[PDB]
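Before any comments, here is the structure.
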Amino acid sequence: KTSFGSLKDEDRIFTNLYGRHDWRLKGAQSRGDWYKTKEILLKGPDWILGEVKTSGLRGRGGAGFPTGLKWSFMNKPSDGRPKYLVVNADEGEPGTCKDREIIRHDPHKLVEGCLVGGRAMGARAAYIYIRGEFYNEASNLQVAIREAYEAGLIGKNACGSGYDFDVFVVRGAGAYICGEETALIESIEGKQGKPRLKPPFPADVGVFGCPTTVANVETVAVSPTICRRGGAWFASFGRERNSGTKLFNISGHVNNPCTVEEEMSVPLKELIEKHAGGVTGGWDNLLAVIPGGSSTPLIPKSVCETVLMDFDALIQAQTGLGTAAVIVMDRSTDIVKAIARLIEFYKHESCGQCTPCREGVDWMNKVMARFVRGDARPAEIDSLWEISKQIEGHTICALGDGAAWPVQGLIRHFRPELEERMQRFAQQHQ
Amino acid sequence: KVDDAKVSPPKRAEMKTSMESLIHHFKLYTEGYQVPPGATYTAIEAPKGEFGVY
Amino acid sequence: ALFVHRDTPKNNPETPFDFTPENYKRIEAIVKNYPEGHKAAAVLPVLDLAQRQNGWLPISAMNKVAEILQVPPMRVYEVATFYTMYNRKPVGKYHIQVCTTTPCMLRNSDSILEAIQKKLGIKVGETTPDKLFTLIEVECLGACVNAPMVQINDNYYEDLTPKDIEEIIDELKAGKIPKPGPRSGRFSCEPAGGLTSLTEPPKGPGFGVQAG
Amino acid sequence: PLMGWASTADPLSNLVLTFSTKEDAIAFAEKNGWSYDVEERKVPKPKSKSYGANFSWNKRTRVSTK
Amino acid sequence: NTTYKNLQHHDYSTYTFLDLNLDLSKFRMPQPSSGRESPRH
Amino acid sequence: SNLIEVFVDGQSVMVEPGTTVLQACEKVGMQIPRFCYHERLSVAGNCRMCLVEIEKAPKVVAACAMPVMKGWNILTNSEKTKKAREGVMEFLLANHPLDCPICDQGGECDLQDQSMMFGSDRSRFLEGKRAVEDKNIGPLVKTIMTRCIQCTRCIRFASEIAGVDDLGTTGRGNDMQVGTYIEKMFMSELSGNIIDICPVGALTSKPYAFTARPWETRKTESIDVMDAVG
Amino acid sequence: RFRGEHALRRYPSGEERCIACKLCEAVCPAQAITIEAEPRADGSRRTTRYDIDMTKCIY
Ligand SMILES: Cc1cc2nc3c(=O)[nH]c(=O)nc-3n(C[C@H](O)[C@H](O)[C@H](O)COP(=O)(O)O)c2cc1C
Ligand code: SF4
Ligand code: SF4
Ligand code: SF4
Ligand code: SF4
Ligand code: SF4
Ligand code: FES
Ligand code: FES
């Protein structure tokens with residue numbers, strides 16, 4: 001086994017992070033896209049399902065379900081209705097920075113991923129839902145799909161076999177919950193973006209009631225290299241319940257905020273210090289750490305100096321995991337105002353099916369505005385703990401969960417600073 | 001009074017500035033509070049004597 | 001934020017709205033994509049085409065899209081009021097969006113709001129007393145690994161400073177549209193020191209693959 | 001005429017009894033003498049609804065708004 | 001090799017997305033019908 | 001032969017296949033308090049009041065649209081069931097204003113009955129409480145959209161039985177106005193059947209509006225005229 | 001805190017304070033209150049007739 005590992009090159013799954021040697025179908029053919037994929041896709045979808053369930057791929061995008069079991073849910077037999085693959089390329093979660101750079105720098109590997117994913121479950125076509133804020137990269141992806149079709153390579157007679165497979169690009173119109181799993185499915189139908197109830201599962205009812213599925217761009221792009229590359233060599237990184245090269249990226253208070261592709265098991269302290277400049281003012285100056293992006297509670301310093309970057313380790317630390325905000329925030333800034341701005345973000349971006357998320361994000365935003373002013377009593381802050389215990393599990397989607405957790409984390413860790421805030425305003429009044 | 005706004009009415013301050021207090025005021029005076037089914041008897045020591053109510 | 005129509009002419013159909021048959025060729029492409037039986041699904045890209053063909057969309061455009069896609073208009077009004085791209089208020093040519101939620105405010109977004117404020121003159125949310133400078137502050141755009149960022153029409157501006165902001169202001173007043181890339185070095189998302197990321201050019205079809 | 005009230009010469013017009021079955025109702029109505037009508041009970045019919053049926057493919061049962 | 005090889009997106013106008021999808025309409029497998037032509041036919 | 005076992009508090013009963021929890025609970029004698037569901041309307045999961053606890057699972061699931069899988073045991077009288085009902089009754093009365101005098105639905109508001117029998121006694125959320133400007137559907141329908149609990153019952157009714165498609169949701173977050181975007185006087189047949197759909201006093205009768213109040217009005221059986229059906 | 005005359009009040013420099021919300025007829029334990037309500041030419045809800053039987057009023 002390994003002693004928790006570190007960074008090492010040629011363990012990188014996908015290359016061309018930024019500014020690399022070229023981009024074209026010829027550049028993808030030189031880097032290693034469109035290599036012998038007829039041999040792979042002319043073998044059988046259950047072979048790719050066995051390959052993925054061998055790989056132990058953890059489903060990215062902060063949900064937590066494994067990819068192979070979800071795709072095995074998709075292996076219902078052949079009925080009289082078509083089947084779709086929906087590649088979600090959204091970046092909500094302020095921080096996210098996940099696949100903007102990826103879809104600007106390597107779309108042909110994404111086409112590889114959606115083609116292998118469609119073959120692996122008998123899909124008929126794929127819709128790529130790009131975020132509407134990304135018009136230039138939607139044009140670049142259109143150029144890549146144009147060249148892929150122009151090689152006569154997907155569509156009718158895709159890679160020799162008589163297998164029809166198309167890809168479409170649908171822009172968003174500016175939203176947050178279109179990143180979510182089923183409001184996507186209704187917004188592709190042209191209806192206003194609103195999720196469905198989960199116990200009718202998307203594996204049976206999808207785009208107007210066709211069995212489709214939704215996959216995230218990291219999982220899609222990493223999927224065909226599992227086929228063309230080593231069986232469970234990908235699984236040889238970090239742990240065995242969860243493994244892979246994930247995009248651990250820092251946007252916050254560092255020098256050169258940026259992206260790295262690393263192993264799943266890694267010390268977060270040595271990640272932050274030894275891959276993005278350093279923490280501005282040294283390690284001792286920083287206030288706190290958030291992993292996850294925005295649906296994840298905060299971590300203080302003494303905890304994060306022992307944290308390895310695994311899903312099970314962060315659930316043991318009672319957090320989740322996400323993309324590109326695995327960051328610190330420094331001491332001189334107000335974490336009160338930071339989390340209050342996060343809750344204002346959630347109020348400006350949430351749909352309104354569920355009564356409790358609407359009303360709860362309303363209370364939490366007005367109460368955090370009062371706490372930024374510092375104008376309550378401590379009974380109010382324990383009532384805020386109570387309401388954030390009331391929301392979680394009572395919503396359709398998990399934006400209510402992602403709104404309820406940072407309030408919980410703030411009350412878990414920075415109790416006395418809020419108490420001092422309220423005391424300062426009491427002496428200001430008196 | 002009791003710590004229950006389903007039997008005793010809420011007082012004026014929370015009545016004029018709440019929502020649920022106005023709801024419980026309104027339905028408490030119109031409908032009447034519900035009383036669970038059963039037969040009871042009790043008696044106090046009134047100055048006449050064993051004043052019973054059934 | 002004004003979710004009721006309230007006719008008040010310069011609105012109130014019929015205000016003359018009309019396409020080009022080349023746009024009808026685009027709509028043929030868009031409803032050539034979707035499966036037949038669901039002509040009612042192209043509302044979002046057709047309505048975005050209406051926004052790009054008339055920079056703020058009127059309600060006559062909404063009735064005309066409802067006439068084409070044979071849906072009742074109330075669903076079109078739902079879609080046009082739900083999302084954020086569709087600006088029902090009349091706006092100018094250039095639309096400045098200071099993107100500011102969590103990392104952007106944490107890296108001094110207020111410098112940029114105050115710079116655009118006391119250079120342009122008008123306040124946030126509202127607009128200039130001419131065209132082409134509707135300023136609003138907006139939620140996260142995605143590219144968080146760079147500065148509190150600036151979206152103009154289909155263009156991003158990253159890794160900021162007030163002086164290149166002043167260059168953007170004067171060159172938009174004149175008519176020079178600058179580069180889409182970031183500023184102050186590191187032309188993309190970079191660790192902007194000395195490549196702690198990958199250095200060797202990858203091989204591809206010349207090393208070991210697994211049976212394919 | 002003095003107040004606009006509703007004076008009624010109807011002593012029995014404000015009695016209403018609550019029973020548990022129709023047979024005891026008929027038995028009491030014949031026991032206590034007067035005539036009676038039986039408006040029979042009409043319970044709500046059970047139906048079958050599902051959200052997966054609300055999102056069908058070719059079938060027209062479609063909410064088209066949510 | 002540190003020369004930025006994109007910014008071929010420097011020249012994209014407001015309509016190149018829809019024009020590109022318009023030029024990419026043919027050689028497409030026929031996108032089937034299903035029952036009625038609409039939920040209200 | 002299409003008879004599925006559920007245990008409502010330990011009592012077994014046999015259920016049709018592909019039906020909800022709520023139909024089974026109405027079959028055995030219970031009622032779960034419910035808002036956005038209605039038995040002549042298609043099922044939506046908006047109101048989040050139909051909640052109940054299913055044993056051997058952490059998540060409290062909805063029961064207006066859970067199809068009955070095999071062998072349930074339903075906790076309608078557990079602790080967190082009543083705690084979730086208390087929480088949602090606290091949320092629905094947050095943004096609902098102080099109009100219970102001048103409402104038209106004193107005795108017949110759903111919120112008042114379910115707030116007494118299922119919700120808390122004391123309120124919270126000292127500040128806030130948004131307000132919505134009203135619309136004018138027509139001379140028959142008085143409309144005070146501040147009382148609208150955003151339940152989406154009138155919209156499904158219009159779009160599935162009236163078919164007029166004039167009532168939709170517009171907006172996001174807290175600010176979701178239900179109705180017509182374009183000030184069009186929604187007038188059609190069955191427009192009178194929407195003052196009884198709306199469970200709160202948001203949509204009320206205009207020619208009745210301020211004349212009585214339901215406990216004084218005694219009820220009397222009758223048969224319609226002027227139509228062939230009655 | 002005596003109980004006498006049965007007066008009504010009105011707003012400061014304003015109109016009547018009642019609404020005809022019928023709570024007092026619902027709670028009058030001899031039902032001496034009688035309220036018949038109509039709205040006037042404004043739109044705000046008001047009354048037509050508001051009666052106390054001083055015989056049946058038990059104070
Ligand atoms: C609040 C919320 C926000 C989400 N945002 C995104 C997003 O921006 N992009 C995305 O691809 N998926 C997003 N998702 C969906 C998850 O990534 C989920 O994993 C996805 O449905 C399937 O991804 P998987 O292939 O990793 O299973 C979001 C989900 C939730 C609950
Ligand atoms: S929790 Fe809020 S954002 Fe999520 S589905 Fe419910 S109403 Fe929409
Ligand atoms: S609809 Fe509103 S104002 Fe009317 S009784 Fe109900 S809670 Fe009170
Ligand atoms: S007006 Fe009434 S029925 Fe319609 S959404 Fe509001 S509360 Fe529901
Ligand atoms: S009807 Fe009676 S209880 Fe109601 S406001 Fe008027 S006087 Fe008061
Ligand atoms: S009897 Fe007199 S004091 Fe008592 S409620 Fe009636 S009017 Fe008021
Ligand atoms: S918050 Fe400004 S880019 Fe994400
Ligand atoms: S009844 Fe409203 S959510 Fe099930």
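Each chain of the structure tokens is named A, B, ... in the order shown, its residues numbered from 1; ligands are numbered from 1 in display order.
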List all protein, DNA and RNA residues that have at least one atom no more than 12 Å from any atom of ligand 3, counting only C-alpha atoms and all ligand atoms, and write them as number ranges by chain. B: 18-27; F: 89, 92-116, 143-150, 195, 198-204, 213-214; G: 21
Give me the residues near residue 43 in chain G as a PyMOL selection string, where near means some atom within 12 Å (using only C-alpha atoms) and where sequence neighbours in that chain fewer than 5 positions away do not count. (chain F and resi 102+142+206+209-210) or (chain G and resi 38)
For the residues selected in the previous step, produce a file with C-alpha atoms as a compact mmCIF listing (two decimals), in the first residue's frame.
# COMPACT_ATOMS: atom_id res chain seq x y z
CA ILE F 102 -60.71 41.13 7.58
CA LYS F 142 -61.45 39.49 -5.21
CA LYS F 206 -66.31 39.32 -4.75
CA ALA F 209 -66.93 39.22 0.03
CA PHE F 210 -67.86 41.02 3.25
CA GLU G 38 -71.68 45.54 4.20
Given 12 Å and only C-alpha atoms and all ligand atoms, residues near ligand 8 as a PyMOL selection string: (chain A and resi 196-197+353-356+394-396) or (chain D and resi 50-51) or (chain F and resi 20-23+31-39+41-52+60-67+85+88+150-153)
Just-selected residues, C-alpha atoms written as a JSON list (two decimals), in the first residue's frame:
[["chain", "number", "residue", "atom", "x", "y", "z"],
["A", 196, "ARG", "CA", -39.07, 16.75, -9.33],
["A", 197, "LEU", "CA", -39.79, 14.48, -6.41],
["A", 353, "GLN", "CA", -41.33, 24.76, -4.84],
["A", 354, "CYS", "CA", -40.65, 23.91, -1.22],
["A", 355, "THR", "CA", -42.13, 26.13, 1.42],
["A", 356, "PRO", "CA", -39.34, 25.42, 3.98],
["A", 394, "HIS", "CA", -37.37, 18.51, 4.51],
["A", 395, "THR", "CA", -36.66, 19.88, 1.03],
["A", 396, "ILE", "CA", -36.94, 18.50, -2.48],
["D", 50, "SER", "CA", -48.88, 9.06, -9.36],
["D", 51, "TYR", "CA", -46.28, 11.65, -10.27],
["F", 20, "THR", "CA", -49.79, 6.55, -2.39],
["F", 21, "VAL", "CA", -49.30, 6.38, 1.35],
["F", 22, "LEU", "CA", -52.01, 8.99, 1.84],
["F", 23, "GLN", "CA", -54.74, 6.92, 0.19],
["F", 31, "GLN", "CA", -55.75, 11.83, 7.90],
["F", 32, "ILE", "CA", -52.37, 13.38, 7.28],
["F", 33, "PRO", "CA", -52.70, 17.19, 7.10],
["F", 34, "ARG", "CA", -52.29, 18.27, 3.51],
["F", 35, "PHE", "CA", -52.26, 21.45, 1.45],
["F", 36, "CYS", "CA", -51.05, 21.17, -2.13],
["F", 37, "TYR", "CA", -52.66, 17.79, -2.70],
["F", 38, "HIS", "CA", -56.25, 17.65, -3.89],
["F", 39, "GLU", "CA", -58.13, 14.59, -5.03],
["F", 41, "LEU", "CA", -56.06, 17.58, -9.15],
["F", 42, "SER", "CA", -52.77, 16.11, -10.27],
["F", 43, "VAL", "CA", -50.28, 15.48, -7.50],
["F", 44, "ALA", "CA", -47.60, 18.04, -6.75],
["F", 45, "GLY", "CA", -45.07, 17.94, -3.96],
["F", 46, "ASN", "CA", -45.14, 21.61, -3.12],
["F", 47, "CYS", "CA", -46.59, 22.12, 0.31],
["F", 48, "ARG", "CA", -44.32, 19.74, 2.27],
["F", 49, "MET", "CA", -47.00, 19.05, 4.86],
["F", 50, "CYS", "CA", -47.79, 15.45, 3.94],
["F", 51, "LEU", "CA", -44.61, 14.30, 5.74],
["F", 52, "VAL", "CA", -44.54, 11.15, 7.85],
["F", 60, "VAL", "CA", -38.54, 11.75, 6.41],
["F", 61, "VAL", "CA", -40.24, 11.33, 3.05],
["F", 62, "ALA", "CA", -43.30, 12.94, 1.53],
["F", 63, "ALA", "CA", -46.52, 10.97, 1.44],
["F", 64, "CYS", "CA", -48.54, 12.70, -1.22],
["F", 65, "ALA", "CA", -46.43, 11.07, -3.93],
["F", 66, "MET", "CA", -44.63, 8.09, -2.38],
["F", 67, "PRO", "CA", -45.80, 4.93, -4.16],
["F", 85, "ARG", "CA", -45.09, 19.15, 11.18],
["F", 88, "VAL", "CA", -43.35, 23.46, 8.62],
["F", 150, "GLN", "CA", -47.69, 29.97, -2.85],
["F", 151, "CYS", "CA", -49.17, 26.52, -2.75],
["F", 152, "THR", "CA", -49.78, 26.08, -6.50],
["F", 153, "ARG", "CA", -53.25, 24.65, -6.36]]
Expected selection as a PyMOL selection string for ligand 7 within 10 Å, only C-alpha atoms and all ligand atoms: (chain A and resi 91-97+251+325+342+345) or (chain C and resi 97-107+109+137-151+156+158)
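Remark: for ligand 4, the closest of the candidate residues F:168, F:139, F:128, F:17 is F:168 (distances computed over only C-alpha atoms and all ligand atoms).
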Could you go through chain E and tell me which residues DSSP, when run on the backbone, assigns to helix (DSSP H, G or I), listing them as a VMD selection string? chain E and resid 16 to 23
Preceding selection exported with C-alpha atoms as a PDB file, in the first residue's frame:
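result20.pdb was written with the following content:
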ATOM      1  CA  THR E  16     -21.524  32.335 -34.198  1.00  0.00           C
ATOM      2  CA  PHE E  17     -23.041  29.788 -31.809  1.00  0.00           C
ATOM      3  CA  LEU E  18     -26.367  29.656 -33.616  1.00  0.00           C
ATOM      4  CA  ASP E  19     -24.717  29.905 -37.036  1.00  0.00           C
ATOM      5  CA  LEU E  20     -22.429  27.016 -36.120  1.00  0.00           C
ATOM      6  CA  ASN E  21     -25.322  24.871 -34.909  1.00  0.00           C
ATOM      7  CA  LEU E  22     -27.188  25.868 -38.078  1.00  0.00           C
ATOM      8  CA  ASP E  23     -24.322  24.701 -40.269  1.00  0.00           C
TER       9      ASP E  23
END
As a PDB file with C-alpha atoms, in the first residue's frame, please: the residues near residue 52 in chain D (cut-off 9 Å, only C-alpha atoms, same-chain neighbours under 5 positions excluded).
ATOM      1  CA  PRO A 200     -39.913   8.560  -8.977  1.00  0.00           C
ATOM      2  CA  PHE A 201     -36.282   8.023  -9.905  1.00  0.00           C
ATOM      3  CA  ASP A 204     -37.167   5.434 -15.261  1.00  0.00           C
ATOM      4  CA  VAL A 205     -38.697   8.863 -15.895  1.00  0.00           C
ATOM      5  CA  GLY A 209     -40.413  10.196 -19.463  1.00  0.00           C
TER       6      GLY A 209
END
Write out as number ranges by chain each polymer residue whose atoms come within 12 Å of residue 8 in chain G, counting only C-alpha atoms; drop sequence neighbours fewer than 3 positions from it. G: 5, 11, 15-19, 50-52
Please produce an output containing C-alpha atoms for each residue in the selection, written as a short mmCIF file (atom, residue, chain, number, x, y, z; two decimals), in the first residue's frame.
data_model
loop_
_atom_site.label_atom_id
_atom_site.label_comp_id
_atom_site.auth_asym_id
_atom_site.auth_seq_id
_atom_site.Cartn_x
_atom_site.Cartn_y
_atom_site.Cartn_z
CA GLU G 5 -72.15 51.68 29.06
CA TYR G 11 -59.26 56.14 15.33
CA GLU G 15 -63.26 56.90 11.24
CA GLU G 16 -64.67 53.92 13.14
CA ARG G 17 -62.52 51.26 14.70
CA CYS G 18 -64.74 48.24 14.13
CA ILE G 19 -64.39 45.90 11.18
CA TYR G 50 -74.69 46.51 15.21
CA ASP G 51 -77.05 45.69 18.04
CA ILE G 52 -76.71 44.97 21.74
#
With 10 Å as the limit and counting only C-alpha atoms, what residues in chain A lie close to chain F? Please list them as an MDAnalysis selection string. chainID A and resid 192 196:200 346:364 366:367 370 380 383 386:387 389:396
Could you write those residues out with C-alpha atoms, as a CSV table (one decimal), in the first residue's frame?
chain,number,residue,atom,x,y,z
A,192,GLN,CA,-39.1,26.7,-15.8
A,196,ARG,CA,-39.1,16.8,-9.3
A,197,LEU,CA,-39.8,14.5,-6.4
A,198,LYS,CA,-37.1,11.9,-6.0
A,199,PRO,CA,-39.1,8.6,-5.3
A,200,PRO,CA,-39.9,8.6,-9.0
A,346,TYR,CA,-28.7,31.4,-1.6
A,347,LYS,CA,-31.6,33.8,-1.2
A,348,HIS,CA,-30.9,35.3,-4.6
A,349,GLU,CA,-30.6,31.9,-6.2
A,350,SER,CA,-33.2,29.3,-5.2
A,351,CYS,CA,-36.5,28.2,-6.7
A,352,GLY,CA,-39.7,28.1,-4.7
A,353,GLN,CA,-41.3,24.8,-4.8
A,354,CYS,CA,-40.6,23.9,-1.2
A,355,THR,CA,-42.1,26.1,1.4
A,356,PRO,CA,-39.3,25.4,4.0
A,357,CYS,CA,-36.3,26.3,1.9
A,358,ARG,CA,-37.8,29.6,0.8
A,359,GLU,CA,-38.9,30.6,4.3
A,360,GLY,CA,-35.8,29.2,6.0
A,361,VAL,CA,-33.3,31.0,3.8
A,362,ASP,CA,-35.4,34.1,4.3
A,363,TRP,CA,-35.1,33.8,8.1
A,364,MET,CA,-31.4,32.9,8.0
A,366,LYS,CA,-32.4,38.4,7.9
A,367,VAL,CA,-31.0,36.8,11.1
A,370,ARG,CA,-29.0,41.2,12.4
A,380,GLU,CA,-31.7,33.9,18.9
A,383,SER,CA,-32.8,29.3,17.7
A,386,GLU,CA,-32.8,25.0,15.9
A,387,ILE,CA,-34.0,26.2,12.5
A,389,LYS,CA,-31.8,21.5,12.4
A,390,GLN,CA,-35.3,21.9,11.0
A,391,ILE,CA,-34.6,22.4,7.4
A,392,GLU,CA,-32.3,19.6,6.5
A,393,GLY,CA,-34.1,16.6,5.1
A,394,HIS,CA,-37.4,18.5,4.5
A,395,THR,CA,-36.7,19.9,1.0
A,396,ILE,CA,-36.9,18.5,-2.5
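The space separating CA of residue 161 in chain A from CA of residue 114 in chain A comes to 16.6 Å.
Environment of ligand 1, defined as every protein or nucleic acid residue with an atom within 7 Å of it and counting only C-alpha atoms and all ligand atoms, comprises residues 59, 60, 61, 62, 63, 64, 65, 66, 67, 88, 89, 90, 91, 92, 93, 177, 179, 180, 181, 214, 215, 216, 217, 219, 397, 398, 399 and 402 of chain A.
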Write to file, as a short mmCIF file (atom, residue, chain, number, x, y, z; two decimals), in the first residue's frame, the residues of the selection just made, with C-alpha atoms.
data_model
loop_
_atom_site.label_atom_id
_atom_site.label_comp_id
_atom_site.auth_asym_id
_atom_site.auth_seq_id
_atom_site.Cartn_x
_atom_site.Cartn_y
_atom_site.Cartn_z
CA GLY A 59 -19.15 10.09 -8.37
CA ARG A 60 -17.85 13.66 -8.43
CA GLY A 61 -19.85 16.82 -8.00
CA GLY A 62 -20.44 16.46 -4.28
CA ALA A 63 -23.36 14.06 -4.30
CA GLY A 64 -21.49 10.99 -3.05
CA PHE A 65 -23.16 8.17 -4.96
CA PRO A 66 -20.74 5.88 -6.82
CA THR A 67 -20.83 6.09 -10.58
CA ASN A 88 -24.05 18.55 -16.84
CA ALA A 89 -21.31 21.18 -17.16
CA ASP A 90 -22.58 23.69 -14.62
CA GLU A 91 -20.48 25.58 -12.10
CA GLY A 92 -22.68 26.90 -9.33
CA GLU A 93 -21.12 26.77 -5.82
CA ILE A 177 -30.38 24.85 -9.54
CA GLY A 179 -26.81 22.19 -11.85
CA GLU A 180 -29.05 19.95 -9.76
CA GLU A 181 -30.09 16.59 -11.03
CA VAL A 214 -27.19 12.73 -15.70
CA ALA A 215 -23.44 12.72 -15.26
CA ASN A 216 -20.88 15.33 -14.27
CA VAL A 217 -18.02 16.42 -16.52
CA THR A 219 -16.79 11.68 -14.22
CA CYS A 397 -33.39 19.29 -3.49
CA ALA A 398 -30.25 19.69 -1.41
CA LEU A 399 -29.87 23.44 -1.71
CA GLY A 402 -26.32 23.35 1.55
#
Just how far from CA of residue 166 in chain C is CA of residue 112 in chain C, in Å to one decimal? 10.4 Å
At most 10 Å from ligand 6 (only C-alpha atoms and all ligand atoms): residue list as a count of residues only: 25
Distance filter 9 Å, only C-alpha atoms, chain B against chain G, as a CSV table (one decimal) with C-alpha atoms, in the first residue's frame:
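File selection-v2.csv, as written:
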chain,number,residue,atom,x,y,z
B,26,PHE,CA,-59.4,34.0,16.8
B,29,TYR,CA,-62.8,32.5,20.9
B,30,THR,CA,-64.8,31.3,17.9
B,31,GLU,CA,-64.6,27.6,17.9
Can you check which residues of chain B DSSP gives as strand (DSSP E or B) on the backbone and send them as an NGL selection string? :B and (42-45 or 50-53)
May I have the selected residues written with N, CA, C and O atoms, as a short mmCIF file (atom, residue, chain, number, x, y, z; two decimals), in the first residue's frame?
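Saved file selection.cif follows:
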data_model
loop_
_atom_site.label_atom_id
_atom_site.label_comp_id
_atom_site.auth_asym_id
_atom_site.auth_seq_id
_atom_site.Cartn_x
_atom_site.Cartn_y
_atom_site.Cartn_z
N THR B 42 -65.87 15.74 39.78
CA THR B 42 -65.02 16.26 40.84
C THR B 42 -65.89 17.02 41.81
O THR B 42 -67.08 17.23 41.58
N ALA B 43 -65.28 17.43 42.91
CA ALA B 43 -66.01 18.14 43.94
C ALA B 43 -65.04 19.00 44.71
O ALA B 43 -63.91 18.58 44.98
N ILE B 44 -65.48 20.20 45.06
CA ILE B 44 -64.72 21.07 45.93
C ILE B 44 -65.48 21.22 47.23
O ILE B 44 -66.63 20.80 47.37
N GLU B 45 -64.82 21.86 48.19
CA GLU B 45 -65.45 22.16 49.47
C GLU B 45 -65.96 23.59 49.37
O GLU B 45 -65.30 24.54 49.77
N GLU B 50 -70.10 19.71 49.89
CA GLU B 50 -69.39 18.98 48.84
C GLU B 50 -70.01 19.38 47.52
O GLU B 50 -70.92 18.72 47.01
N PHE B 51 -69.54 20.48 46.95
CA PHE B 51 -70.07 20.93 45.67
C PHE B 51 -69.49 20.06 44.58
O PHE B 51 -68.30 20.14 44.29
N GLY B 52 -70.32 19.24 43.96
CA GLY B 52 -69.87 18.31 42.93
C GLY B 52 -70.26 18.83 41.57
O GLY B 52 -71.31 19.45 41.42
N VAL B 53 -69.42 18.58 40.58
CA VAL B 53 -69.77 18.82 39.19
C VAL B 53 -69.33 17.61 38.38
O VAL B 53 -68.25 17.04 38.60
#
Tell me, as a VMD selection string, which residues lie within 9 Å of residue 185 in chain F, counting only C-alpha atoms; anything in the same chain fewer than 6 positions away does not count. chain F and resid 136 to 139
Would you put the residues from that selection into a file with N, CA, C and O atoms, as a PDB file, in the first residue's frame?
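The new file selection_6.pdb reads:
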ATOM      1  N   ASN F 136     -55.942  41.964 -10.202  1.00  0.00           N
ATOM      2  CA  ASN F 136     -57.364  42.135 -10.492  1.00  0.00           C
ATOM      3  C   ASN F 136     -57.766  41.154 -11.594  1.00  0.00           C
ATOM      4  O   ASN F 136     -57.737  41.477 -12.784  1.00  0.00           O
ATOM      5  N   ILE F 137     -58.154  39.950 -11.169  1.00  0.00           N
ATOM      6  CA  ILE F 137     -58.520  38.879 -12.090  1.00  0.00           C
ATOM      7  C   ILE F 137     -59.803  39.225 -12.826  1.00  0.00           C
ATOM      8  O   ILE F 137     -59.957  38.929 -14.016  1.00  0.00           O
ATOM      9  N   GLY F 138     -60.733  39.873 -12.143  1.00  0.00           N
ATOM     10  CA  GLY F 138     -61.989  40.253 -12.733  1.00  0.00           C
ATOM     11  C   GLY F 138     -62.890  40.824 -11.667  1.00  0.00           C
ATOM     12  O   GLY F 138     -62.479  41.010 -10.519  1.00  0.00           O
ATOM     13  N   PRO F 139     -64.137  41.141 -12.024  1.00  0.00           N
ATOM     14  CA  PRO F 139     -65.086  41.624 -11.014  1.00  0.00           C
ATOM     15  C   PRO F 139     -65.685  40.530 -10.159  1.00  0.00           C
ATOM     16  O   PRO F 139     -66.388  40.844  -9.191  1.00  0.00           O
TER      17      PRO F 139
END
